Every structure is written in structure tokens, then in C-alpha cells.
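Undergrad: One structure is given below, represented as C-alpha cells, and several questions about it will come after.
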There are 2 protein chains.
Amino acid sequence: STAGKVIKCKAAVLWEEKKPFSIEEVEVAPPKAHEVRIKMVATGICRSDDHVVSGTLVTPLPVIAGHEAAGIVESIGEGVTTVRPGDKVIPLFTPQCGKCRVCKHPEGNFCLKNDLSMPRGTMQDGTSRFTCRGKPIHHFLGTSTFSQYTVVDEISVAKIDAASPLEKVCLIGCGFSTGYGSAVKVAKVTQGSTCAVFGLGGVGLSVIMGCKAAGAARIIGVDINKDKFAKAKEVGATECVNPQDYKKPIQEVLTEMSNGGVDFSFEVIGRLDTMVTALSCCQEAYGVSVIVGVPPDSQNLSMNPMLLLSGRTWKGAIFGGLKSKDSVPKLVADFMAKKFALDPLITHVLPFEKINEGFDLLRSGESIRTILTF
Amino acid sequence: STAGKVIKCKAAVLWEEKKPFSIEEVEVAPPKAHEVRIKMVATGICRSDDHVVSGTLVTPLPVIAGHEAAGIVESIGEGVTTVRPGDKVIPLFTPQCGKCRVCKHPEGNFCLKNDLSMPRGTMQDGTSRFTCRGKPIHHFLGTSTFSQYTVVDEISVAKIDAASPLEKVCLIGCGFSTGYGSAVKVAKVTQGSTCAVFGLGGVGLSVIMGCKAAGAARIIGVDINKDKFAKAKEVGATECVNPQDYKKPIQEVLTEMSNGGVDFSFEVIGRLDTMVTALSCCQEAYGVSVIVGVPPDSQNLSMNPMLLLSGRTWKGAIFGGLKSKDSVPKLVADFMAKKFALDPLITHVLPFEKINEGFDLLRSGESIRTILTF
Ligand SMILES: NC(=O)c1ccc[n+]([C@@H]2O[C@H](COP(=O)([O-])OP(=O)([O-])OC[C@H]3O[C@@H](n4cnc5c(N)[nH+]cnc54)[C@H](O)[C@@H]3O)[C@@H](O)[C@H]2O)c1
Ligand SMILES: NC(=O)c1ccc[n+]([C@@H]2O[C@H](COP(=O)([O-])OP(=O)([O-])OC[C@H]3O[C@@H](n4cnc5c(N)[nH+]cnc54)[C@H](O)[C@@H]3O)[C@@H](O)[C@H]2O)c1
Ligand SMILES: OCc1c(F)c(F)c(F)c(F)c1F
Ligand SMILES: OCc1c(F)c(F)c(F)c(F)c1F
Ligand SMILES: [Zn+2]
Ligand SMILES: [Zn+2]
Ligand SMILES: [Zn+2]
Ligand SMILES: [Zn+2]
């Protein structure tokens with residue numbers, strides 16, 4: 001009955017930086033050609049969504065944020081072939097168009113159709129599907145999951161198993177896949193190796209899971225919030241360190257602990273200083289450091305390139321380096337087969353209408369992932 | 001016989017920064033246990049030796065520099081097993097102790113016994129074998145090849161083919177192996193790829209050689225000195241560009257030429273700016289950039305980590321990533337089997353006594369490699 005019609009629904013609109021979300025009525029246009037309209041079921045609160053609020057991440061406002069989610073297709077536009085009404089789906093904040101030089105490359109994932117590098121806050125066609133108070137509202141990363149209904153381009157959605165528990169698998173849309181992939185695919189963590197993980201939130205925990213799955217012998221968690229250590233150990237950390245406890249810089253501490261530097265390090269926070277610290281702590285001749293955290297907009301880091309000349313490898317990735325549309329359904333299948341766990345990441349559950357409380361929990365340090373249910 | 005005796009011989013002593021080498025008599029002590037005294041036959045002038053003169057590289061002075069060379073063993077200390085008097089050898093500025101965690105690592109080559117990171121300018125035992133005018137003179141990288149005789153630790157010397165032409169294979173001691181290995185081993189250049197090489201001196205030409213040997217389809221040379229272009233093309237560059245010819249930054253030019261970024265880039269100059277430019281010009285999702293050049297002491301670069309977050313890989317290496325004592329004899333064997341050419345690197349051959357004139361040729365832009373013959 002709603003196919004081809006505008007849907008009025010509730011969404012969490014961010015009108016201004018540094019302000020609460022406003023849960024209010026929006027109008028969601030029907031899908032155009034090669035677009036998919038989704039009834040949201042669950043969405044996680046990721047720190048990158050908070051970055052939009054804080055201005056760490058710059059994207060056009062006003063906006064409907066949210067990028068870690070799962071739902072059910074309500075309708076499809078003309079020409080859509082990869083999903084149908086009633087399918088369970090995960091929106092893909094990194095698209096997979098399948099046609100660009102990155103999508104065709106054996107390793108790359110950062111499809112050239114992404115709306116991350118130079119955000120416009122639109123659909124692929126440069127327009128918006130959202131109206132609120134009579135005003136157009138921007139999209140976020142082509143996903144905009146903080147709404148009872150969203151519209152996404154086909155290249156930004158993956159069909160997943162029909163029996164999937166959406167209130168769990170939404171985490172495959174960002175935090176789990178990013179961390180796990182960053183360890184297994186990007187870093188290529190080896191059996192017997194020593195890893196250091198900076199930041200023990202949902203993504204860092206997922207990095208630890210990946211390092212443990214890859215066979216690391218030592219996984220050293222690093223966080224300034226010691227309350228994060230117990231869960232990090234539960235998912236595989238062998239030791240945890242708080243930089244605030246030490247007189248020496250933590251790169252020196254980690255070098256000492258690893259008898260000359262770690263094999264793999266990960267920055268999973270979003271600070272320039274910890275990006276350089278994490279590079280430094282990996283072994284100077286053969287270490288690898290991966291940047292996962294999102295730094296503040298337009299700010300440069302300073303480093304000595306001798307850190308690299310000796311032999312270190314430095315890299316970053318979006319979404320764990322995973323080709324999104326290929327990988328998401330496989331990860332859901334593997335979850336269903338108990339190949340990895342998601343429950344350790346979920347510390348709180350709230351209805352969507354309590355989104356602001358969910359952000360308060362993240363900001364206070366108390367939560368890992370809060371899952372919002374529509 | 002000279003064995004067991006102090007040798008008085010000619011060497012090029014650097015008494016202070018930014019002055020000519022002084023060609024004069026030095027005393028060379030006999031080798032102690034696990035040391036090798038070598039009669040030099042040929043040594044190349046590498047830009048890294050000029051960095052000692054210019055203060056770009058800090059190492060204790062006064063010093064006998066030189067690190068790219070070949071000669072013949074005059075005598076061995078107690079306990080030496082890997083070379084014998086009369087053997088042709090190449091000194092190894094990056095040692096291979098075989099025992100440290102780096103030597104045991106499948107990939108690493110920057111042996112922990114090196115004298116690069118924190119130079120002492122001595123033998124492994126913390127003493128010097130050189131005196132001049134009654135004063136102790138420092139070693140350089142455990143090699144000190146700007147002397148008719150030097151003494152090196154066993155871990156810093158490789159035996160090579162007895163039939164080798166030492167006036168050519170001395171380049172395997174630094175410039176050829178560095179560039180070639182940086183392409184083939186460190187970057188792992190792939191067949192059909194597009195490469196950009198910043199700096200078309202001896203090392204950059206060797207990077208071209210390696211990119212061509214790895215099957216690159218396009219190899220774009222970049223230099224401010226257009227006189228370098230003809231030789232770059234002879235050894236495999238498909239195109240050359242001079243940044244001075246353009247009104248836009250060269251990373252933009254290279255991104256446009258490569259239809260969105262190169263597969264592999266190499267910084268083979270030693271400037272902070274060109275290191276960031278080289279990284280930027282590689283494709284944002286899957287590009288790899290390798291730092292080869294040596295930058296000025298204690299200077300940090302500035303860069304936006306979004307260049308890495310999108311998926312680039314940034315790395316550096318010493319000596320092409322090659323395990324030195326394993327690799328050098330194999331490279332010489334490969335040269336003797338006509339697997340690569342060295343002649344294109346050699347533009348001048350001078351007696352040792354003309355060392356200063358050789359450095360002047362380098363500084364004026366007129367030479368690639370000058371080989372000094374003893
Ligand atoms: N690359 C990607 O695709 C991608 C995907 C998802 C998240 N992100 C980013 O990854 C980062 C982590 O996200 P998250 O796990 O949801 O965030 P989070 O739950 O806020 O976790 C960050 C952790 O860092 C800790 N921390 C803060 N400062 C320091 C410090 N100075 N030293 C050590 N620990 C510190 C903090 O206590 C917290 O536990 C954020 O910057 C995200 O924006 C990137
Ligand atoms: N990593 C290693 O193990 C290693 C080994 C050997 C050499 N090096 C370094 O590698 C670098 C090159 O050595 P080399 O080939 O003997 O030196 P070289 O022969 O002086 O060549 C350098 C080239 O860079 C060119 N150049 C200078 N400025 C620019 C610019 N702004 N943009 C483009 N081109 C420019 C210059 O014209 C010259 O052709 C030096 O910094 C060495 O110290 C490192
Ligand atoms: O959490 C994933 C995520 C990122 F990794 C970004 F780089 C980004 F800009 C963003 F908006 C985002 F949501
Ligand atoms: O040319 C090789 C070379 C280097 F790569 C250095 F990093 C260095 F410090 C040095 F002295 C040197 F000779
Ligand atoms: Zn694509
Ligand atoms: Zn996220
Ligand atoms: Zn070693
Ligand atoms: Zn050199």
C-alpha cells in the first residue's frame with residue numbers, strides 16, 4: 001500500500017552541531033530508479049555518528065545520521081535486481097558499485113561512488129529523499145539509518161539471510177566488520193604474533209576478535225578508561241595497559257613489553273597523537289600499523305619519516321578493507337554458523353525514541369554498542 | 001706480508017662537515033676476532049655519503065665515509081669462517097648478524113647490529129681501527145670504504161663471485177640493490193601496473209629497472225632536472241615529468257595522468273615535501289608508496305591521515321628491504337648471468353685521488369654514479 005507513495009515517519013534529525021537529535025516527523029520520498037526504500041529494524045550507535053554531532057566529522061547539515069543498521073525492504077525502484085520487498089538487508093556506508101577501478105581491484109574497497117571523501121549528503125543523483133518541516137534534509141554516507149524508513153542506492157545495500165537476527169547483525173554494517181577486517185584483511189595478522197590495540201570500544205574490541213581469530217599469541221589492549229579492560233580480556237586481550245599509569249610514553253612501554261616492538265598495531269580511537277604512537281610501537285624493521293580511527297576534520301599529524309625508512313608499514317582502511325556488498329552477506333552467514341560472536345559488543349538496548357540517552361551512554365564511557373530498536 | 005701488522009695507506013678523511021675530503025695517510029689496525037681487513041678495489045659515490053658532508057645525515061666526525069664498494073680480503077681475524085684472504089667481497093652497510101629478531105624474521109632486513117639508527121662510528125666492539133695524524137677516526141656504517149684498506153665485522157661483509165668485475169659490482173653494495181629491491185621486494189610491483197618514481201639518480205634509475213623487471217606497464221619518472229630524463233627512458237621510464245613545468249602540484253598531475261592515481265610510487269630524493277607528494281599521487285584505496293630517500297636529520301613531515309584511512313599503504317626501507325649477506329652474493333651471481341645491467345648507472349670512472357671531483361660531479365647534477373678506482 002505504501003509503494004510509490006511518500007511515507008511520513010519518525011526520524012532523528014540533527015539540525016545543528018553539538019545539539020541533541022530531534023525525533024520528529026519526516027517525509028521519505030519513494031525510491032527512484034536503482035533505489036531501495038527500507039523499513040529500519042535496528043541501528044547501532046557508532047562513534048562516527050557522534051563525530052557528526054561534535055564536528056569531528058564534517059558533513060552537510062541538517063542531516064539524518066546513522067550508518068550501522070539492518071532492516072527490511074519496503075519497496076524497490078525501477079531496475080533494482082539485487083533485493084526485493086521483504087528481504088532483510090544491511091545498508092552499506094561504503095558502496096560497492098562493481099564497476100569502478102577500485103571495485104575491480106583485487107584488494108581495494110573504497111568504491112569511488114562513496115560519499116565519505118567529499119561529502120555531499122545526497123543520493124547518488126545529487127538529491128535528497130527527506131523533507132522535514134518543509135525543508136530538505138541531507139543524507140549521511142548514503143545510508144541515513146536514524147529513521148524508521150530510509151532510501152538508499154542499490155550499490156549501498158546488501159541482501160542478507162532471511163533468518164538473520166537484525167538486532168544483532170546490524171553490527172556487521174560497521175563496527176564488527178571494520179575491526180575484524182582491519183585485523184584479518186588489512187593488517188593480515190599472523191599466527192604467533194604480538195598485537196597492540198589502541199582504543200577498546202566496539203571497533204577495538206572487534207580488532208581484538210580478529211587478532212585472536214588470526215592466531216595472535218599476545219594482544220595488548222590500550223585505553224585510558226580502565227573500565228574497558230575486562231571486556232577486552234573476555235574477547236581475547238592477554239594484557240591491558242592504561243597510558244595514564246606510566247611515567248614514560250606508551251610507545252616506549254609497549255616496545256619494552258614486546259622486547260623490541262609489536263608485530264601489528266591498530267589505532268582505533270581517532271587522535272593524531274595516538275596514530276603516531278601506534279606507528280612507533282610497532283617493530284621498526286617489519287612492524288605494521290593500521291589506522292582505523294577517524295581524526296578531526298582537516299587536521300594534519302606530524303611525524304618523523306625515519307619511522308618508515310627503517311622498514312615499518314603504515315596503512316589505513318575504511319570498513320576493514322572489505323568489499324562491502326560481497327562481504328556483508330558472507331559475514332552474516334558466518335555469524336549464523338557461530339564463527340564469531342556479536343553479543344560481547346552489545347552492552348545496552350534502547351528504543352529508537354531514546355536515541356539521545358544512547359548517545360549520552362557512549363559519551364559517558366559507559367557503553368560499547370547501544371542498539372536502538374524501531 | 002701485511003697480515004697481523006698495522007697498514008699505512010691512503011684514505012679520504014672527512015675532518016668536519018661541509019669541507020672537502022682530505023686525501024692522506026691513515027693507519028689501519030689489523031683485524032681482531034671476527035673481523036676482516038679488505039683491500040679496496042672500487043667504491044661508488046652515493047648521495048648518502050654526500051649527506052654526511054652536508055649535515056643532512058649526522059654521524060660522528062672525523063670519519064672515513066663510503067659504503068658502496070667492492071674489494072679483496074687481505075686478512076681475517078680469529079674465528080672468521082665466511083671469507084678468506086684473496087676472496088672478492090662487498091661490505092654490507094646493513095649487517096646480517098643472523099641472530100637477532102629482525103634477521104630471523106622472514107621479511108625484515110634492518111639488523112639490530114646496524115650503526116645507522118644511533119650511529120657510534122665504530123666497529124661492533126665500540127672501538128676504531130683507524131688513526132690519522134695520531135687521532136682516532138670514526139667508521140661509517142661499519143664499512144668505511146673511502147680508504148685503500150678498511151676493517152669490517154664479519155656480519156658486515158659478503159663473499160662474491162671470484163670472477164666478478166669489481167668496478168661494476170660495487171653498485172650492488174648500495175644503489176642498485178636499494179632501488180631494485182625497493183621495487184621488487186618492498187613495494188612488490190605487479191605486472192601491468194603504473195609506477196611513479198621521484199628522483200632519477202642512481203637509486204631512482206635502479207627503482208625503474210626493478211619496476212620494469214616486475215612487469216609494470218607504465219613508469220613515470222619525476223625529476224626537476226630534465227637532463228636526467230634520457231637515461232630514465234633508456235632503463236624503462238615510459239614518460240618523464242618535471243614539476244617545474246606545471247602550474248598545478250605534481251600529485252594532481254600524476255593523479256590525472258594515471259586516471260585516478262598510480263599503483264606504486266617511490267620517493268628517491270630525500271625531501272619531506274616529495275614524500276607527502278609521492279604518497280598522495282598513489283591511488284587512494286589501494287596505492288602503495290615507498291620512501292627510499294634520506295631526509296634531513298630530525299625534521300618531521302606534516303600530513304593528513306585521511307590519505308591513509310582511505311586505504312593507501314606507506315612504507316620505507318633500507319637497502320631495498322634485502323637481507324644483506326644472503327642477497328648480495330645472489331645479486332652478483334645474477335649480474336654475472338646477465339639478469340640485469342649496471343653500466344647504465346655508471347657515468348664516470350675516476351681514480352680514488354679524484355674523490356672530491358667525483359662529489360662535485362654529483363652535486364652539479366652531472367653524474368649518476370662515479371666509480372672511484374684504487
Ligand atoms: N575506519 C572505519 O571504517 C571506521 C569504522 C568505525 C569506526 N571508526 C572510528 O573508529 C574509532 C573508534 O570507534 P568506536 O570503537 O565506535 O569508539 P569508542 O567506543 O568511542 O571507542 C574509543 C575508545 O578510545 C578510548 N580512548 C580515548 N582516548 C584515548 C587515548 N588517548 N588513549 C587510549 N585510548 C583512548 C576510549 O576510552 C574508548 O574506549 C572512532 O574514531 C570511529 O569514528 C572508523
Ligand atoms: N634507503 C636506502 O637504503 C638508501 C640507499 C641509497 C640511497 N638513499 C637515498 O636515496 C636518495 C637518492 O640517492 P641517489 O640516487 O644516490 O641521489 P641523486 O643521484 O642525488 O639523485 C637524486 C635525484 O633527485 C632529484 N631531485 C632533487 N630535488 C627534486 C625535486 N624536488 N623533485 C624531483 N626530483 C628532485 C635530483 O635532480 C636527482 O636527479 C638520497 O636521499 C639517498 O641518501 C637511500
Ligand atoms: O564509522 C565509519 C565511518 C568512517 F570510517 C568514516 F571515515 C567516516 F567518515 C564516517 F562517516 C563513518 F561513519
Ligand atoms: O645510501 C644508504 C644509506 C641510508 F639509506 C641511510 F639511511 C643512511 F643513514 C646512510 F648513511 C646510508 F648510507
Ligand atoms: Zn565502485
Ligand atoms: Zn561506524
Ligand atoms: Zn641481525
Ligand atoms: Zn647509499
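We label chains A, B, ... in the order they appear in the C-alpha cells, count residues from 1 in each chain, and number ligands from 1 in the order shown.
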Going by DSSP on the backbone, which residues of range 73-318 of chain A come out as helix (DSSP H, G or I)? List them as a PyMOL selection string.
TA: chain A and resi 101-104+154-156+166-173+175-187+202-213+226-234+243-245+250-257+272-281+306-309
Undergrad: Give the residues close to ligand 2, within 6 Å, counting only C-alpha atoms and all ligand atoms; write them as a JSON list (two decimals) with C-alpha atoms, in the first residue's frame.
TA:
[["chain", "number", "residue", "atom", "x", "y", "z"],
["B", 46, "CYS", "CA", 76.28, 7.69, -3.26],
["B", 47, "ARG", "CA", 74.21, 10.69, -2.28],
["B", 48, "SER", "CA", 74.13, 9.32, 1.28],
["B", 174, "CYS", "CA", 74.12, 0.22, -2.24],
["B", 175, "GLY", "CA", 72.46, 2.00, -5.08],
["B", 178, "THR", "CA", 68.41, -0.47, -2.88],
["B", 198, "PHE", "CA", 60.53, 10.63, -7.79],
["B", 199, "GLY", "CA", 64.23, 11.22, -8.30],
["B", 200, "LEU", "CA", 66.19, 9.90, -11.26],
["B", 201, "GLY", "CA", 69.65, 9.45, -9.83],
["B", 202, "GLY", "CA", 71.42, 6.16, -9.40],
["B", 203, "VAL", "CA", 68.91, 4.85, -6.90],
["B", 204, "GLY", "CA", 65.83, 6.00, -8.80],
["B", 222, "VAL", "CA", 59.74, 12.66, -11.99],
["B", 223, "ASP", "CA", 62.71, 15.00, -11.66],
["B", 224, "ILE", "CA", 63.39, 18.75, -11.61],
["B", 225, "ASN", "CA", 66.48, 18.16, -13.72],
["B", 268, "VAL", "CA", 64.03, 8.53, -4.14],
["B", 269, "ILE", "CA", 65.19, 12.06, -3.36],
["B", 270, "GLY", "CA", 65.17, 12.82, 0.39],
["B", 292, "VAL", "CA", 63.74, 5.44, -0.18],
["B", 293, "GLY", "CA", 65.26, 8.90, 0.15],
["B", 294, "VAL", "CA", 67.01, 10.05, 3.30],
["B", 317, "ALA", "CA", 63.14, 0.54, 3.64],
["B", 318, "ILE", "CA", 66.90, 0.42, 3.95],
["B", 319, "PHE", "CA", 68.89, -1.39, 1.28],
["B", 368, "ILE", "CA", 74.69, 9.34, -11.86]]
Undergrad: Using only C-alpha atoms, I'd like every residue of chain A that has an atom within 6 Å of chain B; please write them out as a count of residues only.
TA: 20
Undergrad: Show which residues sit within 10 Å of residue 9 in chain A, as an MDAnalysis selection string. Count only C-alpha atoms, and ignore same-chain residues fewer than 5 positions away.
TA: chainID A and resid 24:28 147:150
Undergrad: Could you give me, as number ranges by chain, the residues within 12 Å of residue 336 in chain A, counting only C-alpha atoms and dropping anything in the same chain fewer than 6 positions from it?
TA: A: 160-166, 168-169, 329-330, 342
Undergrad: Tell me which protein, DNA and RNA residues are within 9 Å of residue 191 in chain B, counting only C-alpha atoms, leaving out same-chain ones fewer than 6 positions away, and put them as a count of residues only.
TA: 6
Undergrad: How would you write, as a ChimeraX atom specification, the set of residues in range 250-340 of chain A that DSSP gives as strand (DSSP E or B)?
TA: /A:262,264-267,282,288-291,301-303,313-316
Undergrad: Using the selection just defined, write its residues with C-alpha atoms as a PDB file, in the first residue's frame.
TA:
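Dumped everything to again.pdb:
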ATOM      1  CA  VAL A 262      54.973  -5.286  18.290  1.00  0.00           C
ATOM      2  CA  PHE A 264      50.894  -5.271  14.470  1.00  0.00           C
ATOM      3  CA  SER A 265      49.381  -2.162  15.948  1.00  0.00           C
ATOM      4  CA  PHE A 266      45.981  -0.550  15.455  1.00  0.00           C
ATOM      5  CA  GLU A 267      44.787   2.983  16.143  1.00  0.00           C
ATOM      6  CA  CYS A 282      55.451  -1.481  16.049  1.00  0.00           C
ATOM      7  CA  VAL A 288      52.728  -2.889  10.550  1.00  0.00           C
ATOM      8  CA  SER A 289      50.399  -0.222  11.922  1.00  0.00           C
ATOM      9  CA  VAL A 290      46.808   0.287  10.804  1.00  0.00           C
ATOM     10  CA  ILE A 291      44.806   3.467  11.283  1.00  0.00           C
ATOM     11  CA  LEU A 301      49.721  14.979  12.086  1.00  0.00           C
ATOM     12  CA  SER A 302      53.445  15.484  12.379  1.00  0.00           C
ATOM     13  CA  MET A 303      55.871  12.569  12.243  1.00  0.00           C
ATOM     14  CA  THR A 313      54.445  -0.266   7.081  1.00  0.00           C
ATOM     15  CA  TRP A 314      51.665   2.240   7.778  1.00  0.00           C
ATOM     16  CA  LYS A 315      48.209   1.907   6.325  1.00  0.00           C
ATOM     17  CA  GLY A 316      44.577   2.795   6.972  1.00  0.00           C
TER      18      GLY A 316
END
Undergrad: Can you tell me, as a list in words, what residues are no more than 9 Å from residue 351 in chain A when counting only C-alpha atoms, ignoring any on the same chain fewer than 6 positions away?
TA: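 Contacts, in chain order: residues 371, 372, 373 and 374 of chain A.
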Undergrad: Write the residues of the selection above to a file with N, CA and C atoms, as a PDB file, in the first residue's frame.
TA:
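And here's selection06.pdb as it stands now:
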ATOM      1  N   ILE A 371      22.202  -0.686  20.862  1.00  0.00           N
ATOM      2  CA  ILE A 371      21.370  -0.995  19.726  1.00  0.00           C
ATOM      3  C   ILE A 371      19.991  -0.378  19.946  1.00  0.00           C
ATOM      4  N   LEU A 372      19.564   0.418  18.974  1.00  0.00           N
ATOM      5  CA  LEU A 372      18.254   1.073  19.012  1.00  0.00           C
ATOM      6  C   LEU A 372      17.298   0.210  18.163  1.00  0.00           C
ATOM      7  N   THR A 373      16.090  -0.034  18.718  1.00  0.00           N
ATOM      8  CA  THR A 373      15.065  -0.764  18.033  1.00  0.00           C
ATOM      9  C   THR A 373      13.927   0.175  17.624  1.00  0.00           C
ATOM     10  N   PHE A 374      13.499   0.046  16.367  1.00  0.00           N
ATOM     11  CA  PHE A 374      12.405   0.864  15.830  1.00  0.00           C
ATOM     12  C   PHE A 374      11.062   0.296  16.157  1.00  0.00           C
TER      13      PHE A 374
END
Undergrad: Could you work out how far CA of residue 171 in chain B lies from CA of residue 369 in chain B, giving the answer in Å with one decimal?
TA: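 Spanning CA of residue 369 in chain B to CA of residue 171 in chain B is a straight-line distance of 8.6 Å.
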Undergrad: Just checking: using only C-alpha atoms and all ligand atoms, which residue out of B:43, B:122, B:255, B:277 ends up closest to ligand 8?
TA: B:43
